[PDB]
Amino acid sequence: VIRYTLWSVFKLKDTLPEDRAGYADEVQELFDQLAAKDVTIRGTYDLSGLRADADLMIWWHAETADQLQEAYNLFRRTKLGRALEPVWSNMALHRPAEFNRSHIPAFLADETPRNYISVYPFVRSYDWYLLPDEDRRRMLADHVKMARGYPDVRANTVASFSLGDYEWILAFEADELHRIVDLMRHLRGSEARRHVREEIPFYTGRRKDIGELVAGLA
Amino acid sequence: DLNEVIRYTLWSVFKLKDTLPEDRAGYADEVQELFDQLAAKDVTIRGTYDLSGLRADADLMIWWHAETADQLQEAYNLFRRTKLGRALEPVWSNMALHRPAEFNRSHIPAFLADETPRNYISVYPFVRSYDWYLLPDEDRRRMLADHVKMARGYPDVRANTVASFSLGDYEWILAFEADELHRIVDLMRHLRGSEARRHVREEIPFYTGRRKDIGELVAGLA
Amino acid sequence: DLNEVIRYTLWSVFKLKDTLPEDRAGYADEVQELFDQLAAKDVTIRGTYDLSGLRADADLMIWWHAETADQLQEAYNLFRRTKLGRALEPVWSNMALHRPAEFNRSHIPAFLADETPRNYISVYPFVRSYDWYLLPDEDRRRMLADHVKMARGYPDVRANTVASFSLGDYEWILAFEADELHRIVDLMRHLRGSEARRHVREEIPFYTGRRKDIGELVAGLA
Amino acid sequence: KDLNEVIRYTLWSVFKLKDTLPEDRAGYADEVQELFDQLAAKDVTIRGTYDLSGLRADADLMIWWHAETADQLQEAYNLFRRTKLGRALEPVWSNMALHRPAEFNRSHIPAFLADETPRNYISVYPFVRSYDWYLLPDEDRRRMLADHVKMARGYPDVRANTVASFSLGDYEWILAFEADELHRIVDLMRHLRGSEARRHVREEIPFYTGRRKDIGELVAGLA
Amino acid sequence: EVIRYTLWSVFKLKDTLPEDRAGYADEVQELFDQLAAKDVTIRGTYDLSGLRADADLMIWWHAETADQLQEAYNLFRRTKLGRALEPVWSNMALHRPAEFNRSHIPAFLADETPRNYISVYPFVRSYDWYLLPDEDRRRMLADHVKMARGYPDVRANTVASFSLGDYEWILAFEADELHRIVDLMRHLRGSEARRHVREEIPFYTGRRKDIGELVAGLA
Ligand code: NA
Numbered sequence: 026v027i028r029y030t031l032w033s034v035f036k037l038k039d040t041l042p043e044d045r046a047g048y049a050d051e052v053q054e055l056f057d058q059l060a061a062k063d064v065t066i067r068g069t070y071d072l073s074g075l076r077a078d079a080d081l082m083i084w085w086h087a088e089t090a091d092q093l094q095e096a097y098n099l100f101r102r103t104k105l106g107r108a109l110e111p112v113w114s115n116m117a118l119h120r121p122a123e124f125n126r127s128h129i130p131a132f133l134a135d136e137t138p139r140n141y142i143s144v145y146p147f148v149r150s151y152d153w154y155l156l157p158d159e160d161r162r163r164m165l166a167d168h169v170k171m172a173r174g175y176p177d178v179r180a181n182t183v184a185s186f187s188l189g190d191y192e193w194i195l196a197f198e199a200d201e202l203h204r205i206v207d208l209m210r211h212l213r214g215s216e217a218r219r220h221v222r223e224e225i226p227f228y229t230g231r232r233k234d235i236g237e238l239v240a241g242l243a
Numbered sequence: 022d023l024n025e026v027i028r029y030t031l032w033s034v035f036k037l038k039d040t041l042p043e044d045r046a047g048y049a050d051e052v053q054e055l056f057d058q059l060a061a062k063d064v065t066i067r068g069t070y071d072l073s074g075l076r077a078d079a080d081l082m083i084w085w086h087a088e089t090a091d092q093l094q095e096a097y098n099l100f101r102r103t104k105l106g107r108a109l110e111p112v113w114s115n116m117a118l119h120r121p122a123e124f125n126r127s128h129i130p131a132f133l134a135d136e137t138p139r140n141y142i143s144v145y146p147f148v149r150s151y152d153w154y155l156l157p158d159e160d161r162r163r164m165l166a167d168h169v170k171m172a173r174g175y176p177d178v179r180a181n182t183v184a185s186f187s188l189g190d191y192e193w194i195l196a197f198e199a200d201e202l203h204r205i206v207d208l209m210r211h212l213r214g215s216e217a218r219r220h221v222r223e224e225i226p227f228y229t230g231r232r233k234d235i236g237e238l239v240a241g242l243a
Numbered sequence: 022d023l024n025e026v027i028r029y030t031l032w033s034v035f036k037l038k039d040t041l042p043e044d045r046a047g048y049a050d051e052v053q054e055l056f057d058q059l060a061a062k063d064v065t066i067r068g069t070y071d072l073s074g075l076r077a078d079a080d081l082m083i084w085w086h087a088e089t090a091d092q093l094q095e096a097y098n099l100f101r102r103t104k105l106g107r108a109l110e111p112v113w114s115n116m117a118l119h120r121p122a123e124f125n126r127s128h129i130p131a132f133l134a135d136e137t138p139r140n141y142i143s144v145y146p147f148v149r150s151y152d153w154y155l156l157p158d159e160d161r162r163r164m165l166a167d168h169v170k171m172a173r174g175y176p177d178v179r180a181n182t183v184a185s186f187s188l189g190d191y192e193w194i195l196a197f198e199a200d201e202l203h204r205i206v207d208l209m210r211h212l213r214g215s216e217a218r219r220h221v222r223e224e225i226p227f228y229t230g231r232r233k234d235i236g237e238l239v240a241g242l243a
Numbered sequence: 021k022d023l024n025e026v027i028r029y030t031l032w033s034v035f036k037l038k039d040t041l042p043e044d045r046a047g048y049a050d051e052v053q054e055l056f057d058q059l060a061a062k063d064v065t066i067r068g069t070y071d072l073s074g075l076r077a078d079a080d081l082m083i084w085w086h087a088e089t090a091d092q093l094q095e096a097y098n099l100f101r102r103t104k105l106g107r108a109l110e111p112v113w114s115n116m117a118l119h120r121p122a123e124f125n126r127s128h129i130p131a132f133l134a135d136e137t138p139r140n141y142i143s144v145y146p147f148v149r150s151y152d153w154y155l156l157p158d159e160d161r162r163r164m165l166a167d168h169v170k171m172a173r174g175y176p177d178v179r180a181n182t183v184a185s186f187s188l189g190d191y192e193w194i195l196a197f198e199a200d201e202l203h204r205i206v207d208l209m210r211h212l213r214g215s216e217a218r219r220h221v222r223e224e225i226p227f228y229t230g231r232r233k234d235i236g237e238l239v240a241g242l243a
Numbered sequence: 025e026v027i028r029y030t031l032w033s034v035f036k037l038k039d040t041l042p043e044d045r046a047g048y049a050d051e052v053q054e055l056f057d058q059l060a061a062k063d064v065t066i067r068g069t070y071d072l073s074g075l076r077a078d079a080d081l082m083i084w085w086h087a088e089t090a091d092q093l094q095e096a097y098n099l100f101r102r103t104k105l106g107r108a109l110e111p112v113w114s115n116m117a118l119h120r121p122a123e124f125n126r127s128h129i130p131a132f133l134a135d136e137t138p139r140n141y142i143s144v145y146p147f148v149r150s151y152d153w154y155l156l157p158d159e160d161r162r163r164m165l166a167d168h169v170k171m172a173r174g175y176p177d178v179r180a181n182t183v184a185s186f187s188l189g190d191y192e193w194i195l196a197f198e199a200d201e202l203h204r205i206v207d208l209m210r211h212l213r214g215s216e217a218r219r220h221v222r223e224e225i226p227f228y229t230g231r232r233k234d235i236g237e238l239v240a241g242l243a
C-alpha cells in the first residue's frame, strides 16, 4: 500500500585510497542491519564514466520516508560515504494510478533487479492534468501499447509531487543496456511527448554488488 | 486586526559541510539555549526540520518569525556562530511577510495564527505568470476559488501562503504542514487539476522534511 | 538640473567566506578609514547594507558612486585588500550610468537628488522583452506613464532607475529605498498590476537588506 | 548490412586541470601511454586525445574512446583517473553514445565506425530535438534530413559522427565533426544554419572543440 | 581570404595578489614580447574588476592559427600572475566574409588602435534568422548599420564563432568614452533585428591598461 523509494547519487571527492580494505565490508554490514530494519537495498549502481559528476547510486525503499532518511545518514558515516559527495537524492511514493490501477512498479512486484538502470525525474506540461480525462487516457494507453514490444525492460514510475522538485521519478531496468536506448527512442513517437517540461538529469549505470563497485571506482 | 500586524517569517536551509563529529555533546544544547534566549518574548522558532536524504544539497531547515526582519537577521547570524552552525553551509534563506489577502481576508498563515506545527513540512517559492495580476479581478478570484474548492478534502493539510515580493527572487513562499507526509503529496497531485496551474512560472526548489526537536535532529544527522 | 552630467553607480555584493573572527578589532575601523579617503576623491559611499539572512549567498552590499567607472574600480579593489575584504567573497557587482529618460526627462534617481538614504533597500537588475523598445513611442510612453501613476500611492518609497546597457548582463539596475520594509513589498505587489509587466524578461537576483554603519554591520555578521 | 547491426559504444570524456601540472612531469605521459597500450589489448580503442585548452576556460583535455560494451569504457575511465595525469584533472563532462541504425539512411555510418582516420581538429556537442520532431509525418523528417545532407555536400572534408544517446545521459544524440582545417568546421556549421531542421532544435551546448595530439605532446603543452 | 583567429580570455583572482608583486608584470611582459616574435598579437589587457564580481582581467590576443593561441594561453597560466588567477571564460572566433556588406571587417584586423574601453559579449541569433529570405536579413542588417552611423567613435568587432564554442558570434566594441558604448547599445535596442536574438550574455566590460598598471591596481 504505502512504500517510499529513494534514489541517492554520489560523486567521488577525488579517488579512493589505494588500500580500501574495510570499505566494502563496512557498507555491506550496514546494508545487513538496514534489511533487518525493513529497509530494502534494491541495488547499488556504478555510474562512473557515463557521467562526469556522479559515480555511485543507491536504490532503497521502506515503509516511511523517515527510515530512508536514517539509512542515508548512516551510509554517509561510512568510510565510503566519507569519500563521497552527495549529488542528487530524490524520493517518490507509490500512489494508485489514474487509469490503469494494475501498473505496479517493478520493485513493488518483487521482480528481480536487472543489470542496467536508467533513472530520471519527470515534469509534465502545465495543461496535462487539465485535459479531459478522455484525452489523458488515450495518450497513456498509446504509451503502453508502444512499450509492449519491450517487455524485457521493466518500468518503475512513481509519484513524487511535493517531495522534491519533480512530479514523477522514472527508473527503467533491463539486462541489455541498448534495449533501454531503443525503447526510449521508440517512445519519442508517443504523442504524450507534446506534454513534457523536464526529464533530466539522467543517471544510467551498471548494477554491482558493493565489493566489486568499490574495487572498480578510481 | 491580525491582518494589520506585521510579522516576518524566514525559512533558512543549511547543508552539512561534511559530517558532524562522532562526539557532538554540547551541539544541540548550545542551539537550544540560543532558541529560548531568542524566544525571550520576541523571536519564535516554529520548527527545525530534517531535510537530509530527500535532497542532496540540504540537511536542516529552521523556520522562525518575528516582528521585524532585523531580529531574524540577528537570529540567523547568532545561529551561524554556534558549533552546529559552523558545521553547516547556508543553502537557501528566504523571508516573507503576511500581507492582507486580495479576496479571502481570513486566510491567515498557520504560524501567524499560533497553530501547532505538524509532523511534516513542504516549502517552496512561487512565481505566477506575467499576466496573472493583470487578469480581471473575477477571473483571478474564480481560479483562486476553484483552487480552494479543490482542496476541500484535505482539511488535515495546513497551508501557509505568504507574500515575498521584493524580499528575494520570488512572489510568494508556500509552506504546507501535515502529520502524514503522503497527504501533502496527494493534495499537490490533486491541485494539478486546478485552473490556476496555467498561470505558473516557477515553483522550485522544494524543501521537504520531518519536524524534529534539535536534540534528535543533531543525533540523526551524518 | 544636470542630465548631461556623468555619474556612475556600482552595487557590490559580498558573501562571508565563513565567519568573522571573534576578535574583529580593527575591521570596521580600517574600512571607515578607507571610506573617508574615498570621499576625499569624491567617491561617495551612499550606504553599506546587511543582506544576511534574507539571502543565503550574500551578507553585505556596498553602494558607491563616482564620476568615472575607473574610480569605482579602484575603490572596489582597495576594499578587497582590507581585513574585512579578505574575509569576503565577491558575489555580484554591477555598474550603471545615469542617462536622460526617454519621455519624463524629469526622472532623476534619488541618489542624484540629495535624498538621504532610507533604512531599507531592495536592488535588482532588469531586462525588458525584446520588442519593448520596438513598440510605437506612444505605447511605451502610456505604459511608463501609467506605471508612474500606480506608484504615487507609495511616495515614501524612493526609486533609483539607472541604465546599465553594455556595462553588464542587464539593461537597467533598480534600487528602491524606504524606511519601512513592508512598504517596498506592497509597492512591488501593486505594480504587478501594471501593463508594462507584459514586457519583462529578467528581474533577478533581488538583494534586500538593512542599511547600517560599517561598525554595527561588522559587529552583527556571523 | 551488419554495419549498424553491430554494437559499438563510444565515450567522450572531458577534463579540466585542477590547477597546473608540475614542472617536472617526466613520467606523466608515459604512464598514460602504457595504459592506452594495455587498453588496446582489451579491444578498447582510443580514437584520439584532444587539447581543448584556451578554447574554453572549463576544460583542457578530451579523450575519445569506444568499445563493444559500456562496461569496458567505465573501467577504462576509472583506470585513467588513477594515473598521475588523471589525478591532476577534474572530470567535466563525460557522455556515452551507441551506434543505432538511422531512421531513413542506414548508409550513414559514423566516421569512427567506417574506420576513417582521425583528423586534426574535432568539434563535439550534444543535441536534443524539439518535442514534436519525432511526431512529425515521416515524410517531413525525411525531407528535412535530406535537405540537411544535401547542404552538407559542399564540405566532404568535414567528417560526421552522429550517434544516438537516448537514456545514456541528458541528451538524444552526440555529434562529433572532424576536419584537418578547423575553419572548415566553422563554415560547415554556419552554412547548416540555413537548414529547415533548425526549426526543430532544443539544445546543442556545450561545444568542446580542440586539437588532436599525441599524449606526450598534449602533456608537455598543458599549463 | 586571410585567416586570423581571435581569442578573448577572461580570468578572476583566486583571492588577492601578494602585497609584494615586483616580478609579476615584468614576467608577463616578457612572455608577451616572446609571443610577439611568433606573430601572436596582444591587442590589449583589460581591467574588469568591480564591473564584474566573477572576473578581474581580460587578454585579447589573435594569431594565424588556433594552435598558437592555445600555446600562448597555457604559457600565460604558468606565470606567477597566471598562477594567482582562475580561468572564467575563454572564447575563440574566426573572421569569415560577411553575407552582404563585404566592405566591413573587424577593427583589430584593420589594425586600428585599441581604445580606452571595451565591451565584449557572445551572440546567438533566433533559430529562424538564418532561414529568413535573404532580403529580410539584408534589410535588418542594413538598417542596423544605419542606426549605428551616429557613433563612429565606437569601433565594432563582429567575428564568427560557430562550432568553436557555445555561440554564433563574438562581439567586441571599443571606445574612448565608456558612456558612448552604453548609448549605442541603448539606441540599437530599436533595431528590428532585436526580434531575432536568443542569447547575448555574459558581458565583459572594462578598461584597457598596460600590464604593469593592471597588476598594480588589482586587489
Ligand atoms: Na553524462
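Note that the protein sequences, when read in sequence, are chains A, B, C, D and E. FYI, the numbering for the first sequence is 26 to 243, going by UniProt numbering. FYI, the numbering for the second sequence is 22 to 243, going by UniProt numbering. FYI, the numbering for the third sequence is 22 to 243, going by UniProt numbering. FYI, the numbering for the fourth sequence is 21 to 243, going by UniProt numbering. FYI, the numbering for the fifth sequence is 25 to 243, going by UniProt numbering. Idealized CB from N, CA, C, for every residue including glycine.
Handout entry: residue 114 of chain E - partner residues in DSSP beta bridges
Key = E:33
Problem - Where residue 199 of chain A sits in the DSSP three-state scheme - result: Looking at residue 199 of chain A - three-state DSSP - the assignment turns out to be strand.
Practice task
Flag this pair as yes or no: are the beta carbons of residue 63 of chain D and residue 46 of chain D separated by less than 9 Å?
Solution key: no
Handout entry: Contacts that residue 209 of chain B makes with chain A (C-beta to C-beta distance below 8 Å)
Key = 186 and 187
Practice task
Can you have a look at residue 227 of chain E and say buried or exposed, based on whether 16 or more other CB atoms are within 10 angstroms of its CB?
Solution key: buried
Practice task
Please compile the residues from chain A whose C-beta is within a distance smaller than 8 Å of the C-beta of residue 71 of chain B.
Solution key: 94
Handout entry: Residue-chain proximity (residue 239 of chain D, chain E), Cβ-Cβ < 9 Å
Key = No, no contact with chain E.
Practice task
State the Cα-Cα distance for the pair residue 176 of chain C and residue 208 of chain C, rounded to the nearest angstrom.
Solution key: 10 Å
Exercise for the section: For residue 35 of chain A, count neighbouring C-beta atoms within 10 Å of its own C-beta (all shown protein chains included) and say buried if the count is 16 or more, exposed if not. Expected result: buried
Practice task
Pick helix, strand or coil for residue 97 of chain B, following the three-state DSSP scheme.
Solution key: helix
Practice task
Could you work out which residues of chain C lie near residue 202 of chain E, taking near to mean beta carbons separated by less than 7 Å?
Solution key: 90
Handout entry: Proximity test, Cβ basis, 9 Å: residue 116 of chain E and chain D
Key = Output row for residue 116 of chain E: interface = yes.
Handout entry: Residues bridged to residue 230 of chain C (per DSSP)
Key = C:142
Exercise for the section: Return the residue from the list C:27, C:56 and C:22 that minimises the CA-CA distance to residue 236 of chain C. Expected result: C:56
Exercise for the section: Select from C:220, C:49, C:224 and C:152 the residue whose C-alpha is nearest the C-alpha of residue 216 of chain E. Expected result: C:152
Handout entry: Burial state of residue 26 of chain B (16 or more Cβ within 10 Å)
Key = exposed
Practice task
Thinking residue 204 of chain E and residue 169 of chain E are a contact (beta carbons under 8 Å), I'd like their distance in whole angstroms, please.
Solution key: In this structure residue 204 of chain E is not in contact with residue 169 of chain E, their Cβ atoms being roughly 17 Å apart against a cut-off of 8 Å.
Exercise for the section: Kindly examine the ligand FMN and report whether one of its heavy atoms sits closer than 8 Å to the Cβ of residue 93 of chain D. Expected result: You won't find the ligand FMN in this model; what it holds is the ligand NA.
Practice task
Leaving aside the five residues before and after residue 191 of chain B along the sequence, list all residues of the same chain whose C-beta is less than 6 Å from its C-beta, in chain order.
Solution key: Result list for residue 191 of chain B: 146, 148 and 185, in chain order.
Handout entry: Cβ neighbours of residue 222 of chain A in the same chain (closer than 8 Å, five flanking residues each side left out)
Key = 148, 149, 150 and 151
Exercise for the section: Please go through the same chain and pick out, in chain order, the residues whose beta-carbon is closer than 7 Å to the beta-carbon of residue 103 of chain C, but skip the five residues on each side of it. Expected result: 51, 52 and 55
Handout entry: For residue 71 of chain D, three-class secondary structure by DSSP
Key = strand
Practice task
Measure how close the beta-carbons of residue 90 of chain A and residue 75 of chain B come, nearest whole angstrom, since I'm counting them as under 8 Å.
Solution key: Taking 8 Å as the upper bound for CB-CB distance, residue 90 of chain A and residue 75 of chain B are in contact here, some 7 Å apart.
Practice task
Quick one: which residues of the stretch 143-164 of chain D get their C-beta closer than 9 Å to a C-beta of chain A? List them in chain order.
Solution key: 149, 151, 152, 153, 154 and 155
Handout entry: Integer Cβ distance of residue 142 of chain D from residue 23 of chain D, believed to fall under 8 Å
Key = Actually they are not in contact, since the Cβ atoms of residue 142 of chain D and residue 23 of chain D sit about 22 Å apart, beyond 8 Å.
Practice task
Give me whichever residues DSSP pairs with residue 178 of chain D in a beta bridge.
Solution key: BP columns for residue 178 of chain D are empty, so no partner.
Practice task
Please state if the CB of residue 171 of chain B and the CB of residue 211 of chain B are separated by a distance shorter than 9 Å.
Solution key: yes
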